Each structure stands twice: as C-alpha cells, then as structure tokens.
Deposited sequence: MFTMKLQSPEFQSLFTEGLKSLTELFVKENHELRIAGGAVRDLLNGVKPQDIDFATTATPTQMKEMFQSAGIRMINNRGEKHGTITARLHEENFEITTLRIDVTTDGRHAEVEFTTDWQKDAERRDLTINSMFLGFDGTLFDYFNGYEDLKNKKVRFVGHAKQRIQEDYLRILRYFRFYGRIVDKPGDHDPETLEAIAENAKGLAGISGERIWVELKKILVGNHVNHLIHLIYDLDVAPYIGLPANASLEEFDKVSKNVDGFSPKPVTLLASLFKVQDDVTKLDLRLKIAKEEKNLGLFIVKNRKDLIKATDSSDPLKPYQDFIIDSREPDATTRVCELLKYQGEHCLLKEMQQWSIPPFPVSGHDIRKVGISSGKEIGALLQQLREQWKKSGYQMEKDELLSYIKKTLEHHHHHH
C-alpha cells in the first residue's frame, strides 16, 4: 500500500553517519528504535530538533550488552551511546508503577509509553522511514494548535506540578494568536498552582527560562500572574506589569537573555536576591539582574551629544561588562545603539611614553603630564581619536 511518511530537509539532516550506524545496529539486533517526544513535535512543526530522545523496546541491559559487543562506547532506563563522534540518548519504553514510598516497569507496548507522556503533542513517535505513531490525536492537536494533556489535566498536573509551566511553554511554542485556552486546563492550573511550591528551584528555572526566550512571552507572563502561579515560582507578587509590557516590547526580536526580561518585574535589588534564593540561579544570571535593576534609570544615552553611546563606553572602559551593557541596551529598547555596542572593539589608549619621547620630551614627569592631557582628550572624543590626531594635538599645546 501507499502510506503517508514524513519527508523534509529537517528530517533528512538527522541522518549522520552515527545515526545510520545506530539504526542499522538496532535492525540487526531485532529491537525497535524510534524518535520520541519533543523531537517529533519539532519535526512536525518543520524544525530540526536538538537533544533528541530516542525510544526502544530493548531493555537497558540488552542495550549495554549490544553496545559492548559491537565495540560502541557508552557515556554517563536511559543509555547514551557514542558513534562517529556523536552521542545518542536512548530510553527503554516504560510504565510508571504506583507506589506509596519511584519505580517503573519496562514494556514493549509503544501505546503504554505514550500514555505516560504529558501532552498529546509530545506523546508521539517517529520511525526512521518517516512513519508517525500517534495514539492520542497529537498530530491533529498540533495542527489545530491545541495544547492538551493525555488524560485529565488535573490528574496529570498533580503527578508533576512542573507540568503547569510546561503547559505555558508549549502554548507559547505552538500557538499563533493567543487567547483560546481550555477552561478545564486553566481551572486545573489555578487550583494546583500551590503545588509548584514543592518543586525544586532548579527544575522551575529551566522551564521559566524557556518561556522567557520563547514566543508569546508577554501573554504567558500575564497568564502566570493572572492564575497566581507567580508567587510559587520566585516572582514578586506585586511586579510592575507596566514595566514588563514596555520591556517585552523593547527586547522583542533582539534575543534577550532571560534575566534581562525577568528584571522588568523587579522593583529593587532585593527582588533579584529573593529570586536567587528560590531558583538557585547562576552567579552570572544574578549579577546581570542586579546590574539592570541598578543601572536601568541612570546609565542612559547622552543626548545632544557627539557620541550617544559614551556613557555606556565609559562604563565599559572603567570596568563581563560588555555583555551586561548590551543586555541593558536591549532592556531600554535602544535598538539603534545595541549593534554599535556589540561591534565596538574596546580601544587601548593609543599613545605611549615613547611616542612622547619622540616629540622631544625627556622628563618622566613631563611625559606623564602630557599623556594625562592626551587621555582626557581621548576620553572626551568618545575614545575615537587615534595616535596621530592625539600627537598632533599635543604638539600644538607645546
């Protein structure tokens, strides 16, 4: 028969020498291997996936044995094999066992493993021929832009409260015009938001960062506040949503770091330190937040000036600074200054003691006095004058 199979440049680009060797090994050893989960959703949406999860009927012991006998190196129910300088993370199909005191049972039933997954658009498998295995209407849901739980929203949320944030993230990722949400899902989120207080800051921060750099971040942050999710994920309860609205417009299209956008919710430095206590963020992330909150009102472009970028250049010359300044320029919506700053090479002071000796000066004190005069001119020019102009200038002084 003829049947529908996926074909695209995004799918084709996955078939590296490693992947071809892996798929041939599993065929040879009579174990089914398929792409699973988020990679499938990405492929169906026309995007090459990264960090693919592969799924198999082989148990972890069978995979170990097979890789061992085939001379294939393993790294790290999941086994990671390395073939042709590429890693492949492969997980045995499983069913969760209900316990009072976490346990799974391996299975070869693809439909049972699909039923374990959260959202219908993430519950699908793809064969390497392009056959789609879809047990929960995920394909139709994806096409209709519906973000829906496998089974009942309340039950799936109460199994892992982080799925509240996943709902938001995938909604941003697939929806075109935001606004339509299933009321049973919103009800489930609002009633169970408090469950997020029991989830690690690390897990939350991973998802929140994806929401912040993803599409429809304005809609989603508003919904997070509107459903009272915000307090349980380390966000201040009384944020300036007006500032967030301005800043989200400012950074749109300019690849903000997640903390850049999050800082528009912070009134004071203490909100960064409170967020850190909850979400356990990296030093770089915290310092970025403090930098923006500290400098957003005062470190601003010069107006009626020869170089509007001069205050920012000063801050950089006087002292990681460039990254922080560029984020600030995004935050402030200074689109016509952002790229200039990204492309600005920090110039050293271009005049040396020797340059002054060459114009006839011999005294150390006099050389230092002249260099100081030249540093001031150089800084005054917005760090733009070069050696000859500066030396020309000093010869006049003399």
Taking the deposited sequence as numbered from 1, list the residue ranges that were left without C-alpha coordinates.
77 to 82, 108 to 109, 328 to 330, 410 to 416
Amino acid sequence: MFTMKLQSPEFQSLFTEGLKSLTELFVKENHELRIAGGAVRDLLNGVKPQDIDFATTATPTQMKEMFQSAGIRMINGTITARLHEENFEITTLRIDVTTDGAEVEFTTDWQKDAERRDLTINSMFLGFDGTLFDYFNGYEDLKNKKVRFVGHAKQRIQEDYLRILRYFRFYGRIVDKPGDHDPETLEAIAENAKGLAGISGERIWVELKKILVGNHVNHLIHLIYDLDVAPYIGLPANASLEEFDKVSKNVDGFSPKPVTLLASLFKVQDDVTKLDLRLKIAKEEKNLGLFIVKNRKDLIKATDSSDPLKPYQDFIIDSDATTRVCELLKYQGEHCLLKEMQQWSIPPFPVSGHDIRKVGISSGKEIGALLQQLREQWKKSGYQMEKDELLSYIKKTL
From here on, numbers count along this sequence of modelled residues.
Which is higher on average in the deposited entry, the C-alpha temperature factors of 116 to 124 or of 235 to 243?
235 to 243
With reference to the PDB entry, specify whether the mean Cα temperature factor is higher for 203 to 211 or for 296 to 304.
296 to 304
Highest Cα B-factor in the deposition, which of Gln158, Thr92, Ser264, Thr99?
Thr99
Based on the PDB record, which member of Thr108, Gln313, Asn218, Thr260 exhibits the highest Cα temperature factor?
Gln313
Can you work out whether the C-alpha temperature factor of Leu275 puts it in the lowest, middle or highest third of the chain?
middle
Considering every modelled residue of the chain and its Cα B-factor in the PDB entry, is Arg324 in the lowest, middle or highest third?
highest
Chain-relative C-alpha B factor for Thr23 (record values, thirds): the lowest
Chain-relative CA temperature factor third for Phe54
lowest
Place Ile394 in the lowest, middle or highest third of its chain's C-alpha B-factors, as listed in the PDB entry.
highest
